[PDB]
Structures are given as C-alpha cells and as structure tokens.
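Undergrad: Structure: data-v3.txt, compact mmCIF, N, CA and C atoms.
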# COMPACT_ATOMS: atom_id res chain seq x y z
N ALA T 1 21.94 6.14 -6.95
CA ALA T 1 21.49 5.38 -5.73
C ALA T 1 22.57 4.34 -5.50
N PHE T 2 22.37 3.52 -4.52
CA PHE T 2 23.35 2.43 -4.18
C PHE T 2 22.47 1.19 -4.34
N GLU T 3 23.05 0.04 -4.52
CA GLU T 3 22.28 -1.21 -4.69
C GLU T 3 22.65 -2.14 -3.54
N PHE T 4 22.36 -3.38 -3.76
CA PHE T 4 22.64 -4.43 -2.75
C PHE T 4 23.46 -5.57 -3.38
N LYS T 5 23.40 -5.69 -4.68
CA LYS T 5 24.15 -6.75 -5.37
C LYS T 5 24.84 -6.05 -6.53
N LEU T 6 26.01 -6.53 -6.83
CA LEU T 6 26.81 -5.95 -7.93
C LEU T 6 26.37 -6.76 -9.17
N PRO T 7 26.82 -6.37 -10.33
CA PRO T 7 26.87 -7.27 -11.50
C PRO T 7 27.36 -8.71 -11.20
N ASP T 8 26.50 -9.56 -10.70
CA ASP T 8 26.83 -10.97 -10.37
C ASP T 8 25.85 -11.78 -11.21
N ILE T 9 24.61 -11.76 -10.81
CA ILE T 9 23.51 -12.50 -11.52
C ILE T 9 23.98 -13.87 -12.07
N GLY T 10 24.76 -14.59 -11.32
CA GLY T 10 25.21 -15.90 -11.83
C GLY T 10 26.34 -16.55 -11.05
N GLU T 11 27.03 -15.86 -10.19
CA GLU T 11 28.13 -16.54 -9.47
C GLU T 11 27.79 -16.95 -8.04
N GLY T 12 28.82 -17.49 -7.47
CA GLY T 12 28.87 -18.03 -6.08
C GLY T 12 27.62 -17.82 -5.23
N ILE T 13 27.35 -16.58 -4.93
CA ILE T 13 26.16 -16.23 -4.10
C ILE T 13 25.38 -15.17 -4.89
N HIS T 14 24.71 -15.68 -5.88
CA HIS T 14 23.89 -14.83 -6.80
C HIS T 14 22.53 -14.51 -6.21
N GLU T 15 22.31 -14.93 -5.00
CA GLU T 15 21.01 -14.67 -4.32
C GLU T 15 21.24 -14.14 -2.92
N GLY T 16 20.16 -13.95 -2.23
CA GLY T 16 20.22 -13.43 -0.83
C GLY T 16 19.11 -14.00 0.03
N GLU T 17 19.45 -14.75 1.04
CA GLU T 17 18.45 -15.37 1.96
C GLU T 17 18.58 -14.43 3.17
N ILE T 18 17.60 -13.63 3.44
CA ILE T 18 17.66 -12.70 4.57
C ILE T 18 16.88 -13.33 5.72
N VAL T 19 17.54 -13.43 6.84
CA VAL T 19 16.94 -14.02 8.04
C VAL T 19 16.32 -12.93 8.91
N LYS T 20 17.13 -12.02 9.38
CA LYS T 20 16.60 -10.94 10.25
C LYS T 20 17.07 -9.56 9.77
N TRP T 21 16.26 -8.56 10.03
CA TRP T 21 16.58 -7.16 9.65
C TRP T 21 16.61 -6.41 10.96
N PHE T 22 17.01 -5.17 10.92
CA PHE T 22 17.07 -4.35 12.16
C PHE T 22 16.42 -2.99 11.90
N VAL T 23 15.97 -2.76 10.70
CA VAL T 23 15.35 -1.45 10.36
C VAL T 23 13.82 -1.42 10.39
N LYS T 24 13.32 -0.22 10.28
CA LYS T 24 11.85 0.03 10.28
C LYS T 24 11.45 1.10 9.23
N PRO T 25 11.89 1.02 7.99
CA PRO T 25 13.27 1.25 7.48
C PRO T 25 14.32 1.82 8.42
N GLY T 26 15.52 1.89 7.92
CA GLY T 26 16.65 2.43 8.75
C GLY T 26 16.76 3.91 8.49
N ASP T 27 15.60 4.41 8.16
CA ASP T 27 15.30 5.82 7.85
C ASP T 27 16.58 6.64 7.73
N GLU T 28 17.11 7.14 8.80
CA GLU T 28 18.37 7.94 8.72
C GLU T 28 19.47 7.03 9.23
N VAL T 29 20.38 6.69 8.37
CA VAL T 29 21.47 5.80 8.81
C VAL T 29 22.78 6.56 8.91
N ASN T 30 23.61 5.91 9.64
CA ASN T 30 24.98 6.33 9.97
C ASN T 30 25.95 5.64 9.03
N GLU T 31 27.18 5.68 9.42
CA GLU T 31 28.27 5.08 8.64
C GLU T 31 28.84 4.10 9.71
N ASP T 32 28.06 3.07 10.00
CA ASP T 32 28.37 1.99 11.00
C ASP T 32 27.26 0.91 11.04
N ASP T 33 26.07 1.38 11.28
CA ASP T 33 24.75 0.66 11.39
C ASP T 33 24.74 -0.84 11.63
N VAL T 34 23.88 -1.58 10.97
CA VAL T 34 23.84 -3.02 11.19
C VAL T 34 24.22 -3.81 10.05
N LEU T 35 24.38 -5.01 10.49
CA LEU T 35 24.77 -6.06 9.62
C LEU T 35 23.49 -6.81 9.58
N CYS T 36 23.11 -6.84 8.37
CA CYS T 36 21.85 -7.53 8.00
C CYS T 36 22.34 -8.95 8.16
N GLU T 37 21.39 -9.76 8.47
CA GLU T 37 21.65 -11.20 8.69
C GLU T 37 21.16 -11.95 7.47
N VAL T 38 22.12 -12.32 6.67
CA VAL T 38 21.85 -13.06 5.42
C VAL T 38 22.50 -14.43 5.64
N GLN T 39 21.91 -15.44 5.09
CA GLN T 39 22.46 -16.81 5.25
C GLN T 39 22.87 -17.25 3.86
N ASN T 40 23.84 -18.11 3.84
CA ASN T 40 24.38 -18.66 2.57
C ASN T 40 24.67 -20.13 2.82
N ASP T 41 25.19 -20.74 1.80
CA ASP T 41 25.57 -22.19 1.77
C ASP T 41 25.49 -22.95 3.10
N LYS T 42 26.42 -22.64 3.94
CA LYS T 42 26.52 -23.26 5.28
C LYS T 42 26.83 -22.18 6.32
N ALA T 43 27.18 -21.00 5.87
CA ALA T 43 27.51 -19.89 6.81
C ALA T 43 26.46 -18.77 6.76
N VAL T 44 26.67 -17.78 7.58
CA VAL T 44 25.76 -16.62 7.66
C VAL T 44 26.68 -15.39 7.58
N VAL T 45 26.22 -14.32 7.00
CA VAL T 45 27.04 -13.07 6.86
C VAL T 45 26.37 -11.90 7.55
N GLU T 46 27.22 -10.95 7.77
CA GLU T 46 26.88 -9.67 8.42
C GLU T 46 27.25 -8.52 7.45
N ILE T 47 26.30 -7.69 7.10
CA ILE T 47 26.56 -6.58 6.18
C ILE T 47 26.36 -5.22 6.95
N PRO T 48 27.32 -4.69 7.70
CA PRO T 48 27.20 -3.35 8.40
C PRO T 48 27.04 -2.29 7.28
N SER T 49 27.19 -1.08 7.67
CA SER T 49 27.06 0.08 6.72
C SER T 49 28.36 0.83 6.35
N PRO T 50 29.07 0.37 5.36
CA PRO T 50 30.12 1.18 4.69
C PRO T 50 29.85 2.70 4.65
N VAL T 51 28.68 3.10 4.23
CA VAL T 51 28.34 4.53 4.16
C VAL T 51 26.98 4.78 4.79
N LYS T 52 26.83 6.05 5.01
CA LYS T 52 25.61 6.65 5.62
C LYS T 52 24.77 7.30 4.54
N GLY T 53 23.62 7.72 4.98
CA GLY T 53 22.64 8.39 4.07
C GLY T 53 21.27 8.04 4.64
N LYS T 54 20.32 7.69 3.82
CA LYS T 54 18.95 7.33 4.29
C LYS T 54 18.85 5.85 3.97
N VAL T 55 17.77 5.30 4.43
CA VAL T 55 17.47 3.87 4.23
C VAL T 55 16.08 4.04 3.64
N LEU T 56 16.13 4.56 2.45
CA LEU T 56 14.89 4.84 1.66
C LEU T 56 13.80 3.77 1.81
N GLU T 57 13.98 2.69 1.10
CA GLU T 57 12.99 1.59 1.15
C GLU T 57 13.67 0.23 1.08
N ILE T 58 12.88 -0.77 1.37
CA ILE T 58 13.33 -2.17 1.36
C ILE T 58 12.18 -2.75 0.53
N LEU T 59 12.47 -3.67 -0.34
CA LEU T 59 11.42 -4.28 -1.18
C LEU T 59 11.07 -5.67 -0.67
N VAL T 60 12.05 -6.53 -0.63
CA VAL T 60 11.84 -7.93 -0.16
C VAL T 60 12.64 -8.06 1.16
N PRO T 61 12.14 -7.51 2.24
CA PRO T 61 12.92 -7.34 3.50
C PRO T 61 13.66 -8.60 4.00
N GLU T 62 12.94 -9.43 4.69
CA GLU T 62 13.47 -10.69 5.25
C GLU T 62 12.44 -11.76 4.95
N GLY T 63 12.76 -12.93 5.38
CA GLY T 63 11.81 -14.07 5.18
C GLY T 63 11.80 -14.62 3.77
N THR T 64 11.90 -13.75 2.80
CA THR T 64 11.88 -14.21 1.39
C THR T 64 13.35 -14.15 0.91
N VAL T 65 13.59 -14.57 -0.30
CA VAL T 65 14.97 -14.56 -0.85
C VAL T 65 14.95 -13.62 -2.06
N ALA T 66 16.06 -12.99 -2.30
CA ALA T 66 16.23 -12.04 -3.42
C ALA T 66 17.37 -12.56 -4.27
N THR T 67 17.50 -12.02 -5.43
CA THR T 67 18.58 -12.44 -6.35
C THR T 67 19.42 -11.19 -6.56
N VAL T 68 20.08 -11.19 -7.67
CA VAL T 68 20.96 -10.09 -8.11
C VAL T 68 20.22 -9.78 -9.42
N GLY T 69 20.30 -8.55 -9.84
CA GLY T 69 19.59 -8.17 -11.10
C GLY T 69 18.40 -7.41 -10.52
N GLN T 70 17.94 -7.96 -9.43
CA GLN T 70 16.81 -7.44 -8.64
C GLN T 70 17.57 -6.74 -7.52
N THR T 71 16.87 -5.92 -6.82
CA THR T 71 17.47 -5.18 -5.71
C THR T 71 16.86 -5.84 -4.46
N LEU T 72 17.20 -5.26 -3.35
CA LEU T 72 16.73 -5.74 -2.02
C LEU T 72 16.33 -4.46 -1.30
N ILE T 73 17.36 -3.71 -1.05
CA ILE T 73 17.28 -2.40 -0.36
C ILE T 73 18.19 -1.52 -1.21
N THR T 74 18.06 -0.25 -1.00
CA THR T 74 18.88 0.73 -1.74
C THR T 74 19.29 1.73 -0.67
N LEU T 75 20.30 2.44 -1.03
CA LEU T 75 20.88 3.47 -0.14
C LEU T 75 21.19 4.67 -1.02
N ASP T 76 21.16 5.81 -0.41
CA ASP T 76 21.44 7.08 -1.10
C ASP T 76 22.69 7.54 -0.37
N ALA T 77 23.67 7.91 -1.14
CA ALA T 77 24.96 8.38 -0.58
C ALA T 77 25.33 9.55 -1.52
N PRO T 78 24.50 10.57 -1.59
CA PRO T 78 24.68 11.74 -2.51
C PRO T 78 26.04 12.46 -2.43
N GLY T 79 27.08 11.81 -2.86
CA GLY T 79 28.43 12.43 -2.82
C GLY T 79 29.41 11.44 -2.23
N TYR T 80 29.64 10.42 -2.99
CA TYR T 80 30.57 9.34 -2.60
C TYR T 80 31.29 9.10 -3.95
Go ahead and render the structure in this file as structure tokens.
TA:
Amino acid sequence: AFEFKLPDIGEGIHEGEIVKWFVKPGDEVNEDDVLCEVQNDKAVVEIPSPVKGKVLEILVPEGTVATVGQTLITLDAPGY
C-alpha cells in the first residue's frame, strides 16, 4: 500500500492538520488529482497525486489532526 507520512515520527512536521479534503473517498484517482489542504506552522501545503490508483479509505479525514506512525489516508499503486 502507500502511506501518508514517511518514517518521521519526530521531525519538523511530524503531524498533519487537515483543513479541507476534496474526496468522497477519491474512489478512483488519477495521476494529478488534488492537493489536500494541510496547514503547518505558519504556511499551508498542497499535496496533489504523484500516482494514481484507488482512494481506498481515509481514517482521520479533515478537522482533526494526525501524526506520523499513524496513517491518514492510503493509496494503492499496484506496480510502482
């Protein structure tokens, strides 16, 4: 599967404050999609879609905050 956070669990932005999402899940995704709206320190980031596949499930969508070690959303890219 694919994750949302790498082996960080302790650096710079070891968490994720998600403001807005664009999926319902993103069921069938492309290799472009959206940039999730995550906020950090004083700035906000955009995470488009490096790869395509499905948008299986989201656990802690928006409104709440997630860490690393924990997942957020996952992606399937069966052959990358």
Undergrad: Between T:23, T:75, T:38, T:44, which is the closest to residue 4 in chain T once you count only N, CA and C atoms?
TA: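 Of T:23, T:75, T:38, T:44, the one nearest residue 4 in chain T, counting only N, CA and C atoms, is T:75.
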Undergrad: Which neighbours of residue 1 in chain T fall inside 6.5 Å, counting all atoms listed in the file, when residues of the same chain fewer than 3 positions from it are skipped, and could you give them as a CSV table (one decimal) with N, CA and C atoms, in the coordinates of the input?
TA:
chain,number,residue,atom,x,y,z
T,74,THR,N,18.1,-0.2,-1.0
T,74,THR,CA,18.9,0.7,-1.7
T,74,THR,C,19.3,1.7,-0.7
T,75,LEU,N,20.3,2.4,-1.0
T,75,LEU,CA,20.9,3.5,-0.1
T,75,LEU,C,21.2,4.7,-1.0
T,76,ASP,N,21.2,5.8,-0.4
T,76,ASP,CA,21.4,7.1,-1.1
T,76,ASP,C,22.7,7.5,-0.4
T,77,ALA,N,23.7,7.9,-1.1
T,77,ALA,CA,25.0,8.4,-0.6
T,77,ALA,C,25.3,9.6,-1.5
Undergrad: Taking only N, CA and C atoms into account, which of T:73, T:18, T:59, T:67 comes nearest residue 40 in chain T?
TA: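 Smallest distance to residue 40 in chain T is found for T:18.
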Undergrad: Report the distance between atom N of residue 53 in chain T and atom N of residue 3 in chain T in Å, rounded to one decimal place.
TA: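 Rounded to one decimal, the two atoms are 12.2 Å apart.
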Undergrad: Could you check the closest approach to residue 10 in chain T for each of T:55, T:60, T:68, T:29 and tell me which residue wins, using only C-alpha atoms?
TA: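 The shortest atom-to-atom distance to residue 10 in chain T comes from T:68.
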Undergrad: With 4 Å of padding per side, what axis-aligned box (centre and edge lengths, Å, one decimal) covers all the listed atoms of range 33-50 of chain T? Give it as AutoDock Vina command-line options.
TA:
--center_x 25.6 --center_y -10.3 --center_z 6.7 --size_x 17.0 --size_y 34.0 --size_z 17.9
Undergrad: With distances taken over all atoms listed in the file, which residue among T:45, T:30, T:19, T:51 lies nearest residue 63 in chain T?
TA: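 Closest candidate: T:19.
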Undergrad: Go through T:65, T:34, T:5, T:70 and flag the residue nearest residue 49 in chain T, using all atoms listed in the file for the distances.
TA: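 Result for the nearest residue to residue 49 in chain T: T:34.
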Undergrad: Working from the structure I just supplied, which lacks atoms in range 33-56 of chain T, can you model N, CA, C and O atoms there and output them as a short mmCIF file (atom, residue, chain, number, x, y, z; two decimals), in the coordinates of the input?
TA:
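Result file follows (rebuild-v1.cif):
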data_model
loop_
_atom_site.label_atom_id
_atom_site.label_comp_id
_atom_site.auth_asym_id
_atom_site.auth_seq_id
_atom_site.Cartn_x
_atom_site.Cartn_y
_atom_site.Cartn_z
N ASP T 33 26.07 1.38 11.28
CA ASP T 33 24.75 0.66 11.39
C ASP T 33 24.74 -0.84 11.63
O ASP T 33 25.51 -1.33 12.44
N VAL T 34 23.88 -1.58 10.97
CA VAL T 34 23.84 -3.02 11.19
C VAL T 34 24.22 -3.81 10.05
O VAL T 34 24.32 -3.38 8.92
N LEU T 35 24.38 -5.01 10.49
CA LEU T 35 24.77 -6.06 9.62
C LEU T 35 23.49 -6.81 9.58
O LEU T 35 22.92 -7.30 10.53
N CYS T 36 23.11 -6.84 8.37
CA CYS T 36 21.85 -7.53 8.00
C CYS T 36 22.34 -8.95 8.16
O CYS T 36 23.51 -9.25 7.97
N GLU T 37 21.39 -9.76 8.47
CA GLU T 37 21.65 -11.20 8.69
C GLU T 37 21.16 -11.95 7.47
O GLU T 37 19.97 -12.16 7.29
N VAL T 38 22.12 -12.32 6.67
CA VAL T 38 21.85 -13.06 5.42
C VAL T 38 22.50 -14.43 5.64
O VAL T 38 23.51 -14.53 6.30
N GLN T 39 21.91 -15.44 5.09
CA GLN T 39 22.46 -16.81 5.25
C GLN T 39 22.87 -17.25 3.86
O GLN T 39 22.34 -16.79 2.87
N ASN T 40 23.84 -18.11 3.84
CA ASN T 40 24.38 -18.66 2.57
C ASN T 40 24.67 -20.13 2.82
O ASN T 40 24.41 -20.63 3.90
N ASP T 41 25.19 -20.74 1.80
CA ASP T 41 25.57 -22.19 1.77
C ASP T 41 25.49 -22.95 3.10
O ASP T 41 24.63 -23.78 3.30
N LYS T 42 26.42 -22.64 3.94
CA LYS T 42 26.52 -23.26 5.28
C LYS T 42 26.83 -22.18 6.32
O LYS T 42 26.76 -22.45 7.50
N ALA T 43 27.18 -21.00 5.87
CA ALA T 43 27.51 -19.89 6.81
C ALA T 43 26.46 -18.77 6.76
O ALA T 43 25.51 -18.85 6.01
N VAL T 44 26.67 -17.78 7.58
CA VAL T 44 25.76 -16.62 7.66
C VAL T 44 26.68 -15.39 7.58
O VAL T 44 27.80 -15.47 8.05
N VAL T 45 26.22 -14.32 7.00
CA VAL T 45 27.04 -13.07 6.86
C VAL T 45 26.37 -11.90 7.55
O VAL T 45 25.18 -11.89 7.83
N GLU T 46 27.22 -10.95 7.77
CA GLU T 46 26.88 -9.67 8.42
C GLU T 46 27.25 -8.52 7.45
O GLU T 46 28.38 -8.42 7.02
N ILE T 47 26.30 -7.69 7.10
CA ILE T 47 26.56 -6.58 6.18
C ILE T 47 26.36 -5.22 6.95
O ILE T 47 25.27 -4.70 6.83
N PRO T 48 27.32 -4.69 7.70
CA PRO T 48 27.20 -3.35 8.40
C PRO T 48 27.04 -2.29 7.28
O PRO T 48 26.83 -2.59 6.11
N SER T 49 27.19 -1.08 7.67
CA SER T 49 27.06 0.08 6.72
C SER T 49 28.36 0.83 6.35
O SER T 49 28.73 1.81 6.97
N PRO T 50 29.07 0.37 5.36
CA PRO T 50 30.12 1.18 4.69
C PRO T 50 29.85 2.70 4.65
O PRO T 50 30.74 3.47 4.97
N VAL T 51 28.68 3.10 4.23
CA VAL T 51 28.34 4.53 4.16
C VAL T 51 26.98 4.78 4.79
O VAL T 51 26.19 3.87 4.99
N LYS T 52 26.83 6.05 5.01
CA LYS T 52 25.61 6.65 5.62
C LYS T 52 24.77 7.30 4.54
O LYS T 52 25.16 7.43 3.40
N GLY T 53 23.62 7.72 4.98
CA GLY T 53 22.64 8.39 4.07
C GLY T 53 21.27 8.04 4.64
O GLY T 53 21.11 8.08 5.85
N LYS T 54 20.32 7.69 3.82
CA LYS T 54 18.95 7.33 4.29
C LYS T 54 18.85 5.85 3.97
O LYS T 54 19.69 5.24 3.34
N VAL T 55 17.77 5.30 4.43
CA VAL T 55 17.47 3.87 4.23
C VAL T 55 16.08 4.04 3.64
O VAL T 55 15.08 3.74 4.26
N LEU T 56 16.13 4.56 2.45
CA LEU T 56 14.89 4.84 1.66
C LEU T 56 13.80 3.77 1.81
O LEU T 56 12.85 3.96 2.54
#
